[PDB]
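Protein chains in written order, with the deposited numbering: chain G, 8 to 376; chain I, 7 to 376; chain H, 4 to 375; chain M, 3 to 26. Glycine included, every Cβ here is placed at the ideal spot set by N, Cα and C.
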Amino acid sequence: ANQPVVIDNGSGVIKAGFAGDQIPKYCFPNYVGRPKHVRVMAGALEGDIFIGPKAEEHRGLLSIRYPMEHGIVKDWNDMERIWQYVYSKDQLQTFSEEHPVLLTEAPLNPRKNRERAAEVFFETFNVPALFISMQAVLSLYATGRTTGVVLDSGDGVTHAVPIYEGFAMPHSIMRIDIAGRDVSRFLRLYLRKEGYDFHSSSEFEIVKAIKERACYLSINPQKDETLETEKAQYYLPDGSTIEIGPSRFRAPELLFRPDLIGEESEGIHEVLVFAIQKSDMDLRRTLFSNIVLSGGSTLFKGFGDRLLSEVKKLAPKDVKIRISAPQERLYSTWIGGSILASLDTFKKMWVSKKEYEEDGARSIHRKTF
Amino acid sequence: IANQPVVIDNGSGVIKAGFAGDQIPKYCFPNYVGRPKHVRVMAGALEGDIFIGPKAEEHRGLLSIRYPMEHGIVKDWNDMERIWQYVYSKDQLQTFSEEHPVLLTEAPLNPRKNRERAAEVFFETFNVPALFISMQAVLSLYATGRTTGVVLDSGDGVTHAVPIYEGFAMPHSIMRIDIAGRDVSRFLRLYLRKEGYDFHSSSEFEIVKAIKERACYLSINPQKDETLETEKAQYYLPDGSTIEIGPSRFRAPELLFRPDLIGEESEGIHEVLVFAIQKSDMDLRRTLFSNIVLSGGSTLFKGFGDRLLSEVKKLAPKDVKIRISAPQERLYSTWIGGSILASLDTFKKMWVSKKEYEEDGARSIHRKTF
Amino acid sequence: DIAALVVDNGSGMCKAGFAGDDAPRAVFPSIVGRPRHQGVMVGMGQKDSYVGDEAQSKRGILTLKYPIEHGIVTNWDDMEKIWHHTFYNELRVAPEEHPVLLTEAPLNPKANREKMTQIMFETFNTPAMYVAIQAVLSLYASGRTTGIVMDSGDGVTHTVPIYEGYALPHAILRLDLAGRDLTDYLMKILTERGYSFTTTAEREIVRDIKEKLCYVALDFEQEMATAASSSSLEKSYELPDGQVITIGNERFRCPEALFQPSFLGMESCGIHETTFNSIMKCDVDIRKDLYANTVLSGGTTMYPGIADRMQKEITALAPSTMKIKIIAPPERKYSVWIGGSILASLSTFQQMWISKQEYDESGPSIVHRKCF
Amino acid sequence: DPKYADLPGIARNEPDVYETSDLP
Ligand SMILES: Nc1ncnc2c1ncn2[C@@H]1O[C@H](COP(=O)(O)OP(=O)(O)O)[C@@H](O)[C@H]1O
Ligand SMILES: Nc1ncnc2c1ncn2[C@@H]1O[C@H](COP(=O)(O)OP(=O)(O)O)[C@@H](O)[C@H]1O
Ligand SMILES: Nc1ncnc2c1ncn2[C@@H]1O[C@H](COP(=O)(O)OP(=O)(O)O)[C@@H](O)[C@H]1O
Ligand SMILES: [Mg+2]
Ligand SMILES: [Mg+2]
Ligand SMILES: [Mg+2]
Numbered sequence: 008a009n010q011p012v013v014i015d016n017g018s019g020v021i022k023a024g025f026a027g028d029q030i031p032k033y034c035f036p037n038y039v040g041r042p043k044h045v046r047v048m049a050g051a052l053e054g055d056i057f058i059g060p061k062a063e064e065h066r067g068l069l070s071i072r073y074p075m076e077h078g079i080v081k082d083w084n085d086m087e088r089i090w091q092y093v094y095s096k097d098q099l100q101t102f103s104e105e106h107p108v109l110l111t112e113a114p115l116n117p118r119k120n121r122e123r124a125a126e127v128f129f130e131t132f133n134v135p136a137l138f139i140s141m142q143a144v145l146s147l148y149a150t151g152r153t154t155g156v157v158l159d160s161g162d163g164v165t166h167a168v169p170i171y172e173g174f175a176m177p178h179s180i181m182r183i184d185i186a187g188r189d190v191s192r193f194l195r196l197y198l199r200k201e202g203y204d205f206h207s208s209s210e211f212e213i214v215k216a217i218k219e220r221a222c223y224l225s226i227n228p229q230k231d232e233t234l235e236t237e238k239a240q241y242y243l244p245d246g247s248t249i250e251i252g253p254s255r256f257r258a259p260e261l262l263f264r265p266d267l268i269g270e271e272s273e274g275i276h277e278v279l280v281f282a283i284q285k286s287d288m289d290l291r292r293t294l295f296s297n298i299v300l301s302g303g304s305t306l307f308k309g310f311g312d313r314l315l316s317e318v319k320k321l322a323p324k325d326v327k328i329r330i331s332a333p334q335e336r337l338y339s340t341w342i343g344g345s346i347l348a349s350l351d352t353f354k355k356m357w358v359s360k361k362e363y364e365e366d367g368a369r370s371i372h373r374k375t376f
Numbered sequence: 007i008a009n010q011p012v013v014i015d016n017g018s019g020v021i022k023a024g025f026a027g028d029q030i031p032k033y034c035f036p037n038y039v040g041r042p043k044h045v046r047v048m049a050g051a052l053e054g055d056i057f058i059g060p061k062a063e064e065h066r067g068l069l070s071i072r073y074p075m076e077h078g079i080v081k082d083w084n085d086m087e088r089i090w091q092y093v094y095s096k097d098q099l100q101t102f103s104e105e106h107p108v109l110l111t112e113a114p115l116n117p118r119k120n121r122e123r124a125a126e127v128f129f130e131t132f133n134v135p136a137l138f139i140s141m142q143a144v145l146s147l148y149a150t151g152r153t154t155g156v157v158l159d160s161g162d163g164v165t166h167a168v169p170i171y172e173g174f175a176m177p178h179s180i181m182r183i184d185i186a187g188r189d190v191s192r193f194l195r196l197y198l199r200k201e202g203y204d205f206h207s208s209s210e211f212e213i214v215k216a217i218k219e220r221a222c223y224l225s226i227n228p229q230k231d232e233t234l235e236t237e238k239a240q241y242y243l244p245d246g247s248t249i250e251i252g253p254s255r256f257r258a259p260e261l262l263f264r265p266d267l268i269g270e271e272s273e274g275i276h277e278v279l280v281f282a283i284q285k286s287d288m289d290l291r292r293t294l295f296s297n298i299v300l301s302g303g304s305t306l307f308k309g310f311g312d313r314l315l316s317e318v319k320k321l322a323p324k325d326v327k328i329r330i331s332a333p334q335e336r337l338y339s340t341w342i343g344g345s346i347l348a349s350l351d352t353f354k355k356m357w358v359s360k361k362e363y364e365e366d367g368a369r370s371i372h373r374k375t376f
Numbered sequence: 004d005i006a007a008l009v010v011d012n013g014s015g016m017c018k019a020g021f022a023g024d025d026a027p028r029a030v031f032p033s034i035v036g037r038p039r040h041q042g043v044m045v046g047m048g049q050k051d052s053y054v055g056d057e058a059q060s061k062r063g064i065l066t067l068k069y070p071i072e073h074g075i076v077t078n079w080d081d082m083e084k085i086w087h088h089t090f091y092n093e094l095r096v097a098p099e100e101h102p103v104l105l106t107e108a109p110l111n112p113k114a115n116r117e118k119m120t121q122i123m124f125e126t127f128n129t130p131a132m133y134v135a136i137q138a139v140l141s142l143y144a145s146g147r148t149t150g151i152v153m154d155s156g157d158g159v160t161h162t163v164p165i166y167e168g169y170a171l172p173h174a175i176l177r178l179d180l181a182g183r184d185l186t187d188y189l190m191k192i193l194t195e196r197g198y199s200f201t202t203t204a205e206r207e208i209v210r211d212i213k214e215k216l217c218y219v220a221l222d223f224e225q226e227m228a229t230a231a232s233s234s235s236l237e238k239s240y241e242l243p244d245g246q247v248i249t250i251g252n253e254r255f256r257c258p259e260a261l262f263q264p265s266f267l268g269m270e271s272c273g274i275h276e277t278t279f280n281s282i283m284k285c286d287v288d289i290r291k292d293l294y295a296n297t298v299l300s301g302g303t304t305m306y307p308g309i310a311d312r313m314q315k316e317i318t319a320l321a322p323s324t325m326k327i328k329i330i331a332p333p334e335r336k337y338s339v340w341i342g343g344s345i346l347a348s349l350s351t352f353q354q355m356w357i358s359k360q361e362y363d364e365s366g367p368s369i370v371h372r373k374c375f
Numbered sequence: 003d004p005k006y007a008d009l010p011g012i013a014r015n016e017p018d019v020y021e022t023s024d025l026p
């Protein structure tokens, strides 16, 4: 009777909506803004917590805080407030008691994060049922194929999950924390080295916009590094310009070379190829011909070409490789969650309120993955 | 107390007193005390010894003037107490001070002891039921009826710029300089001495101030105007004699924008405005350029708006909208905003009660403001 | 042996001397003063612009500009004047005869170092030169090769961890809050107290008040309560005129902005939190050693009690088992210079110079390949 | 408008808004 609610809990942007809808109707950034300046006049903006488009409109006034980092919830009160705002009147006007929830968690996350998320979604919101899911299965559901390897690169994490004919290899899952937010932080550092400083929390969101707009992945790193580059100019919100120069392309290369930021982790291409290669041999070809991209961080200009080149370098010689990707990558996971939640069999995958009241966290560990 | 609060905009040059109900300051007069110029001991001379308000204007030639407030700071506290008692006179407001609560106005970033002593005077000498001290920059936006803007209050004593976004004030972005109307008057006196005209007396400071108010304009291109032959506009003194002001008409107010000509180490009105805007957070800056509100008497200079627009244009980022909202009532905008604030029921929760001041002591008036 | 000059161009104060010496030969503020009045006739013995102590003595009439702001040279003509005064007037040495070991803060603009090298090689024609990170030199001065240097001067406060001589560029943390910001906050609170200081000349008076009177409170709230309830902390200072002005709680509110940037309006971490974050960015194995070798440097770390406050704050933040040891040598104000002198006195450093031949061959950009 | 007619210093015969030209 009550349509389940699908909440893709992105680290950068959270996407809430109803199951069965074509696109996530209620998308907004996953941060909480608080007014740092002092209120003097009557009739000022009300409330000391700003979430959603109100925060975006008055972004300069507020100081931003991110409840989620690298797929793990750090400030749990802020995450609780965020999910409460998802049920608010502004977005998705409902009552949390009536609607089962479909929350998405990054793979290989700590068990404590999942336990606390379930506790919040069963105690603070007295939902009838809950079901945690990974991004990869939902992306495959959205694209409509049971077979493939999902490389999802979000704001906090980037993970490769191979699933063959609906069977997931838990040991072949690969994950690194170098993701889009780390690219934005590296870009902030490089912009400081250029001359422009963005130390403010609000100005970090300007740096993120610069990352979204003026940044690309050169097909070959060192040739572009050697050659002089024209200084493309970007317009800041106030009106002043900035000449970016090499930081246009030296920033996203962090995704392929984590050692740029001093982290000794595999690159995104290495993540993909090792995720394929850890699986059984007989599936590898079928995995190489079915690669599904997701996450906003794979929208860099030239990401497809550089990823194809890197995988071709690392993959066995003469093996068919096609890198598929949905036309709208940001909403793919939520659309998948909606397609999953509409299934009758989803009722069998629930964690009912009685089940969580009886078994507790163990039940959440039994029915999740 | 349910009586009508009394709003007293405390200008360095001109104070404006009235009741909160009125749309305009019904009472307003210069902020100085005029004593007899000679030390009177014989009879038949100017009696009373203390001339305040239009009385001082009636016999202005014979008086020595003394302003209590300088740079928005009270210097002679006895004179300021006399001024405030005169506000509660038969001439002005014809009322007892103990009946009505009071709303003062004070310049931003002033000494704490000034506010503490003002509260002590208003609570001890006058048995006022309550008190509240506001900044004029906050009140200008109340008067204009808008929630956001950059208020550039260039009064007689102090010139300060304050940005407010959606009712949130930026205390660290506030800019303040002491080059204001009185300093422009002093520079005009110097330039008129260069014309050959002497105004040594403190009383003659009043007529050189009148010359500033009457015939002084800000030229968009001062070099071209200086090269161009001046019309030498004629001005009538109170006694009857005429004076040809000459190029000084455009040289005295120019120090507001470029004080360093006279060696003054000051930013300049356009500089403090632009730096107050730029010190704020980046996302707000465009909106802060789209809502600039003028206030204070010094903004009434002829051609002031055009020159300020030109300076802000050449200092602001290119192709950015600027709106210098200069209301015609900008001289009394601060009082009108104070009246609008005091009219609100929320003002009931803002002023400190007399018992609250007696119990908590001084720090109350510091903490209830913010 | 031709001794190589060492010129620490601090943001506020320029120090200069010869390699191998114990202390800088010349130590003067890095300011360029210009006369304020234009229209009137100018007297007989005058200079177009004054530099260093000459500007400081005559600051009453002059208007002062700092060439370096937040560790970034904004006025290159003024900085060139400062270098000319340093070499010809103060040191009294021909720049073409000796190499020069300049210093720069970490994470500065690349164009800053490039223009520094270009000015040194073209205008002054030095035979060679080098640019060194200030924190590395200050660690050299302390006689250590492992530790975390929190060097805080007039313009910037930068934290650099080093382990066994191997720097860790990804754990360096820079803050724009240092020195000048504290002087401006002292101006602000003084204005609240009653004494108004606005002109650039009065900035020197406020800076002197900060140097003489201010101190770091071990417990901020307790000291605030003591100041409110008693006048024991009030101390009197004499201005150059002779006016005596009393400073109360403002003695320990100006340096408190180091540990609470929210007073200054910046949503940044304090110096203790910056140091702790820089330590935590390092690998787990070396963190203990850093906790045992925290080194304070720069002039702004000379407040009384800053070592105890930093030790307390880091001990609160850090795990209980680890032993914290803030090293605050008495001569730390010059520690950035002294290590530089050591770095210029080493025999192995002759290969680290940027020779003029290499500069002509590769241009200014070689500074990014050689120095760091 | 006439409510401020009696005040001395109301500067009239001037525009109330000094602004740059709009751009599309
Ligand atoms: N066109 C683009 N170019 C570069 N980066 C982009 C682009 N579009 C989105 N992003 C990045 O993608 C991130 C959002 O990823 P998202 O898919 O929301 O993560 P999650 O899966 O956690 O929701 C943002 O941080 C943003 O910087
Ligand atoms: N039309 C005018 N032209 C030039 N100056 C003026 C004009 N009208 C008023 N002033 C100046 O403005 C000053 C009054 O400023 P005021 O608004 O009282 O400041 P405050 O905020 O201290 O009350 C007077 O000293 C006067 O010289
Ligand atoms: N004894 C002291 N007590 C407090 N502050 C001091 C003391 N000595 C110097 N300072 C402060 O340190 C600053 C100078 O730091 P400095 O070491 O010169 O940094 P830099 O080398 O980057 O110029 C000055 O602004 C001054 O306020
Ligand atoms: Mg995701
Ligand atoms: Mg006023
Ligand atoms: Mg230093």
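Taking a contact to mean a Cβ-Cβ separation below 7 Å, would you say residue i touches residue j in this structure?
i	j	result
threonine 304 of chain H	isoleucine 329 of chain H	no
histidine 161 of chain H	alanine 108 of chain H	yes
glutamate 112 of chain G	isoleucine 89 of chain G	no
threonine 202 of chain H	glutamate 271 of chain I	yes
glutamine 98 of chain I	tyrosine 33 of chain I	yes
residue 2 of chain H	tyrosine 306 of chain H	In this structure chain H extends from 4 to 375, so residue 2 of chain H is not present and cannot be described.
residue 7 of chain G	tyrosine 171 of chain G	Coverage of chain G is limited to positions 8 through 376, which leaves residue 7 of chain G absent and any answer about it impossible.
Anything in chain I within Cβ reach of residue i, meaning under 8 Å, just list it in chain order.
i	result
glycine 50 of chain G	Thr153, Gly173
Whose Cβ in chain M lies nearer than 7 Å to the Cβ of residue i?
i	result
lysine 319 of chain I	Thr22
So residue i contacts chain M; which residues on that side make the cut at Cβ distance below 8 Å?
i	result
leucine 306 of chain I	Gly11, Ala13
Which chain H residues sit within Cβ distance under 9 Å of residue i?
i	result
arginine 118 of chain I	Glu195, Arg196, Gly197
Can you pull the chain M residues whose beta carbon is under 9 Å from the beta carbon of residue i, in chain order?
i	result
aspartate 312 of chain I	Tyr20
Along chain I, in chain order, which residues have C-beta atoms closer than 7 Å to that of residue i?
i	result
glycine 268 of chain H	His178
- Could you name each continuous beta strand (DSSP E) segment of 3 residues or more that falls completely within the stretch 112-142 of chain G, going from the start of the chain to the end? DSSP assignment within the stretch 112-142 of chain G yields the following whole beta strand (DSSP E) runs of 3 residues or more, N-terminal first: 136-140.
- Message: Under 7 Å, CB to CB, which of the residues in the stretch 316-345 of chain I have a partner in chain M?
- Response: Within the stretch 316-345 of chain I, the residues whose Cβ lies closer than 7 Å to some Cβ of chain M are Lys319, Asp325, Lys327, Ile328, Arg329, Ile330, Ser331, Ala332, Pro333, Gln334, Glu335, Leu337, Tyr338, listed in chain order.
- Task: Could you list the residues in the stretch 171-197 of chain G with a C-beta less than 7 Å from some C-beta on chain I, going in chain order?
- Result: Answer in chain order: no residues at all.
- Short-range partners of chain G found in the stretch 269-289 of chain I, where Cβ spacing is below 7 Å: The residues in question are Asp287, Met288, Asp289.
- Query: Taking only runs of the beta strand (DSSP E) that begin and end inside the stretch 139-182 of chain G, which ones reach a length of at least 3 residues, in chain order?
  - Reply: Taken in chain order, the whole beta strand (DSSP E) runs of length 3 or more contained in the stretch 139-182 of chain G are 155-160, 165-171.
- Item | Beta carbon shell of ligand 5 at less than 7 Å from a heavy atom | Ordered along the chain, the selected set is I:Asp15, I:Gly17, I:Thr111, I:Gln142, I:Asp159, I:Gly161, I:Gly302, I:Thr340.
- Item | Ordered list of alpha helix (DSSP H) runs contained in the stretch 126-174 of chain H, each at least 4 residues | The DSSP assignment places 137-144 as complete runs of the alpha helix (DSSP H) inside the stretch 126-174 of chain H, in order along the chain (cut-off: 4 residues).
- Message: Ignoring anything shorter than 4 residues, give me the alpha helix (DSSP H) runs that lie fully in the stretch 252-290 of chain G, in order along the chain.
- Response: Whole alpha helix (DSSP H) segments, 4+ residues: 254-257, 275-285.
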